[PDB]
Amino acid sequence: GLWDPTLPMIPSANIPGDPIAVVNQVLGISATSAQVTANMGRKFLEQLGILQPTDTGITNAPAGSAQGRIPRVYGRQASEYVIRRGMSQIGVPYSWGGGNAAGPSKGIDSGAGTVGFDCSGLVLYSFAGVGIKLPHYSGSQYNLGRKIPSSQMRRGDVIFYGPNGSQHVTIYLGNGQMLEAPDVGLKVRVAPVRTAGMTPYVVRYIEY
């Protein structure tokens, strides 16, 4: 019983570091997920009227802290933007290892010929819109942000599965539903929350 038995009972794709996210061969440019995330974070802060010269655009709280860069009075707005970004991807194919801060991408290993999202890729893409920078591995995502008891999960919190949160990750939508990139052959979808294999905590990246 350690895993969600509806999905492969293995750790999810683990893509190191700060991958290239944008490649433009005509202009001859490229940029990484962290670059795109910082750019989008600064834009978001500017739209709230709070951009400062010291802001890189990266908005993550120190892991475990209840205080991040985005003010609490703007956190619902931030969270709703993240959710809209993710939900806009419903119907995009799953691809093992797929996705970056810019959108779906070619995957790895099995997913090498498929442009799409995997579980952690969808989560990282969604949160990047407000400057929340996440690693492309569900177990590493579980170690960031602030833990909330699973029984108190709230819309916008992030649900994890398997040992160390390593099997699967999804975005809770409230009302017993979650947004996920599920498995090969499928598409990004809204699905009922599953409790089998779930970690006893969810993760909150945005306070409100």
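Quick note: we count residues from 1 along the sequence shown, nothing fancier.
S.K.: Identify the stretch, either 20 to 28 or 183 to 191, whose C-alpha atoms have the larger mean B-factor according to the entry.
M.R.: According to the entry, 20 to 28 carries the higher average C-alpha B-factor.
S.K.: Comparing 87 to 95 with 109 to 117, which has the greater mean CA B-factor as deposited?
M.R.: That would be 109 to 117.
S.K.: Could you check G139, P53, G41, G64 and tell me which one carries the biggest Cα B-factor in the deposited entry?
M.R.: Of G139, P53, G41, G64, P53 has the highest C-alpha B-factor.
S.K.: Lowest, middle or highest third of the chain for the C-alpha temperature factor of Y205?
M.R.: Its C-alpha B-factor, which the entry lists for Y205, ranks in the lowest third among residues of this chain.
S.K.: Quick check on the deposited entry: does the C-alpha B-factor of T170 sit in the lowest, middle or highest third of its chain?
M.R.: Lowest third, going by the recorded CA B-factors of the chain.
S.K.: Against its chain's modelled residues, does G145's Cα B factor rank lowest, middle or highest third?
M.R.: Tercile = lowest for this residue's CA B-factor.
S.K.: Comparing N60 with the other modelled residues of its chain, is its CA B-factor in the lowest, middle or highest third?
M.R.: Within its chain, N60 is a lowest-third residue by C-alpha B-factor, going by the deposited values.
S.K.: By the record's CA B-factor, is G68 among the lowest, middle or highest third of residues in the chain?
M.R.: For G68, the deposited C-alpha B-factor lands in the highest third.
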